[PDB]
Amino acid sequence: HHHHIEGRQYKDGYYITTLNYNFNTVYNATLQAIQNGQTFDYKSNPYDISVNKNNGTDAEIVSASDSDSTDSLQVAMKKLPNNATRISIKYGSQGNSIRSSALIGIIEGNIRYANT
């Protein structure tokens, strides 16, 4: 349905990569990183989640800062075969490649060391 890609992508503010972890484990690890503030807004506060949904194949998380509605974090996830996960991260309206790469590392650490 979508063009073939390999490795990391960054376009129009969306940071996209593939994680070789189980789909539901990536979802839970990402919720954990947001809710407990492993990633945080400009004022050191956790982002406030307005919606998170998961049906086992597609999932999404939408969140934003309580003190700046433009300081937002949106995550989308898709299940791949062989326990792989395609993930898309966007910080703000313009994106932030560095913060997205950091969030990937936080998610991986949460899975590998059972902080979920």
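Residue numbers run from 1 along the displayed sequence.
Averaged over CA atoms, B-factors in the entry run higher in 79-87 than in the other of 60-68 and 79-87. The stretch 2-10 shows the higher mean C-alpha B-factor when 105-113 is compared against 2-10 in the entry. Per the deposited record, the Cα B-factor of residue 24 falls in the middle third when ranked against the other modelled residues of its chain. Sorting the modelled residues of the chain by their CA temperature factor places residue 18 in the middle third. Among the modelled residues of its chain, residue 100 has a C-alpha B-factor that falls in the lowest third, as given in the PDB entry. Among the modelled residues of its chain, residue 32 has a C-alpha B-factor that falls in the highest third according to the deposited record.
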